[PDB]
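First, one chain by itself: the form deposited in one PDB entry, in structure tokens.
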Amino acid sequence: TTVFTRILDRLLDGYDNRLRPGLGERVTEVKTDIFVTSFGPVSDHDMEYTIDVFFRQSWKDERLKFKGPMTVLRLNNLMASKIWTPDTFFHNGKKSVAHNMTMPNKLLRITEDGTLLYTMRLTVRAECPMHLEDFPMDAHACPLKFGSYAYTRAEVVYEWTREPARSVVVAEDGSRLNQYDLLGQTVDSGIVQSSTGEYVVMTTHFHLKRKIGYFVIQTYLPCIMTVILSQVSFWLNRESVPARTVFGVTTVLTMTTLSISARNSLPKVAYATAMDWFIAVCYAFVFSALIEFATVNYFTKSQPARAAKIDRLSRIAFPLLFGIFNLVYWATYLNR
């Protein structure tokens, strides 16, 4: 055990952690890979998502070569603060957490040829810009971009540890999504440019599709039921003026409440979503049923035959047109 203490003391003797390995001689190459332990909730209102990862970096530092009875030193993570490490940050991160319970969730390993493995456990909140025209039948590609903060590409480059598609691995039971479905990920790398120079960026896109069931049993079904309820009025006799008026006013009030309540977990976008179009058409149907009653009541005591004809025609026209609209709408949006 004294041998390893002497080895560590010699490794750190005269070491300067203010300097990257290969400073002034070569580029520092960092191999990176991410293990997602849970792909957490997506927040539509904040346009963001949370992800919990093991973030793994590996690189060569010739100043740390050693020779001893073991080939890999698995050290206490405090040693990480004594050596040089890459200064990786997430470009679209919002407020991340490096876990510190019960100790810093970090690991450092040194191989005798000077290779360093450096792993940490992180919870990252990241921006996912969403376009909600097709809501609630929308799909998104949520990104995760990371790279060096201070070192340009002439100093530090990043590479995926293995094939890029196999360097971002999602745990099989690691899904905290309630509203979305994760379809896969695409892995890529590139160069970003800024006033301080050119930097390497590593990018991962997660492909999410919104599940529709909640909005079916929360918004679409009540709208359909309100339209059917408004059309029930066509079968009450023309003497029942207060009853048909009650039908009309109650269905219009219900439609207004549903239209207002439809956007409650969404950002205040300036355009219309698909659900908004559905609600607008349902509102038009309900309002037109009330206008039909007003027209029927106007002609009741002067041209009773015309009123009877209008009622009979409406009894067929309204449901048929609503069914045709539903066919067109669902074919348009579920086949996109």
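Counting begins at 1, following the sequence as shown. In this text, rigid core is short for the largest set of C-alphas that superpose within 1.5 Å between two forms.
If you look for the form deposited in another entry, you will not find it shown, but the lines that follow are about it.
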{"property": "Of the candidates 83, 258, 122, 187, the only Cα that travels 2 Å or more between the shown form and the other one, given a rigid-core fit", "result": "258"}
{"property": "Shift of residue 242 between the shown form and the other one at or above 2 Å (CA, core fit)", "result": "yes"}
{"property": "Flag for residue 68, CA shift 2 Å or larger between the shown form and the other one after aligning core", "result": "no"}
{"property": "Pair residue 266/residue 127, Cα separation in the other form versus the displayed form, closer or farther by 3 angstroms or more", "result": "farther"}
{"property": "Closer or farther in the other form, the Cα atoms of residue 266 and residue 287, when the shift from this form is 3 Å or more", "result": "closer"}
